[PDB]
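Single-structure report; data block below.
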Amino acid sequence: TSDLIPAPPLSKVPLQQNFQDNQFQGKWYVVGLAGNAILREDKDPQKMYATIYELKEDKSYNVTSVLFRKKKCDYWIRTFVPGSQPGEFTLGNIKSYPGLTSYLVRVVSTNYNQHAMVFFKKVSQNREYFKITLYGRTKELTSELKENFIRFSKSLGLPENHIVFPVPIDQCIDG
Ligand SMILES: [Th+4]
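Here it is as C-alpha cells:
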C-alpha cells in the first residue's frame with residue numbers, strides 16, 4: 004500500500020511561453036527537487052545529479068541522466084517526444100517501462116542559460132507520481148530562484164519535507 008499527495012491539475016502548472024527547443028539543449032544540474040515521492044533524508048542527503056538534453060533530427064530529445072551512486076557513474080537514457088504544445092513532452096517507448104501507462108513533461112519556466120523549472124507527471128502501477136526539478140546551468144543558484152521553486156512546489160500541494168536541494172558534488176556530473 005501507499006499514500007500519495009494528489010497530482011495537481013495541469014491548470015496549476017504554467018508552460019514556458021515561446022519555448023525554444025534548441026536553446027534548452029545541453030547539461031542542466033538538478034539544484035532542486037520536489038515531488039509526492041521525494042523525501043528529505045538528513046541521514047543520507049540526495050546528491051546532485053545532472054541531465055543532458057540533446058535535440059535529435061526529428062525534434063525529440065535524447066535525455067541522459069548522470070548520477071553518482073555506489074562509487075560509480077550511473078547513466079539513464081530516455082526519449083522525450085514533443086507533445087501537444089511547445090515545451091511539453093511525453094516519454095518515448097513507454098512500453099519498455101514495466102507498469103508505466105503515462106508520462107508527461109512540461110517546462111514551466113526557463114531563461115535557457117541559467118535556470119529552468121520542469122514539471123513531470125507519471126502513472127506507474129496505477130499510482131500517480133509528480134515531481135518538479137529546479138535546473139541550473141551551474142551547481143549554485145540564487146536564494147531568490149530557490150525560494151521561488153519552494154513557493155511553486157507548495158502551490159502544487161507539497162510540504163517542505165518533500166522539497167530537497169541536492170548537495171553539489173564533482174564526481175560524474177562535471178563530465
Ligand atoms: Th524516473
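Each number in the deposited numbering corresponds to the 1-based position in the sequence shown with 3 added. We put the beta carbon where it would ideally sit given N, CA and C, even for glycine.
As an exercise, report each continuous beta strand (DSSP E) stretch of at least 3 residues that is fully enclosed by the region 17–101, in chain order. 29–38, 53–58, 64–72, 75–85, 91–94
Cβ pair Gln-117, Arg-154 closer than 8 angstroms: Between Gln-117 and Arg-154, the gap from beta carbon to beta carbon reaches 8 angstroms or more.
Suppose the cutoff is 8 angstroms on Cβ atoms and the five residues either side in sequence are ignored; what does the same chain contact list for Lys-149 look like? Contacts found: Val-34, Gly-35, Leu-137, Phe-168.
Beta-carbon separation (whole angstroms), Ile-55 vs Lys-74, contact threshold 8 angstroms: Actually they do not touch by this definition, with Cβ atoms about 21 angstroms apart.
Would you kindly report the start and end of the unbroken beta strand (DSSP E) that includes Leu-103? 103–113
Please name the residue, chosen from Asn-65, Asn-164, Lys-124, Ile-41, that lies closest to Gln-28 on a Cα-to-Cα basis. Ranked by Cα distance from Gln-28, the options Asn-65, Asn-164, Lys-124, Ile-41 are led by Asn-65.
Would you say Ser-112 and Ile-135 are within 8 angstroms of each other, going by their C-beta atoms? Contact flag unset, no.
Among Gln-26, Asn-25, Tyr-52, which has the Cα closest to the Cα of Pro-171? Ranking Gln-26, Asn-25, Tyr-52 by Cα distance to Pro-171 puts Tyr-52 first.
Going by beta-carbon coordinates alone, are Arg-81 and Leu-94 separated by less than 8 angstroms? yes
Whole-Å CB distance - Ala-37 paired with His-165, under 8 angstroms assumed: Correct: roughly 6 angstroms between the Cβ atoms.
For a test of the three-state rule: what should DSSP assign to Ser-127, helix, strand or coil? strand
With distances taken Cα to Cα, identify the nearest neighbour of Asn-21 among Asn-114, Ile-176, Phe-123. Nearest neighbour of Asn-21 by Cα position, chosen from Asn-114, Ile-176, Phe-123, turns out to be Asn-114.
Integer Cβ distance of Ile-176 from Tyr-78, believed to fall under 8 angstroms: The pair is not a contact, with the Cβ atoms about 11 angstroms apart (cut-off 8 angstroms).
Beta-carbon within less than 7 angstroms of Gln-88's beta-carbon, same chain only, minus the 5 sequence neighbours each way: which residues are those? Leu-18
State buried or exposed for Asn-39, treating a residue as buried only when at least 16 other CB atoms are found within 10 Å of its CB. buried
For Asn-129 and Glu-91, the rounded distance between their alpha carbons: 22 angstroms
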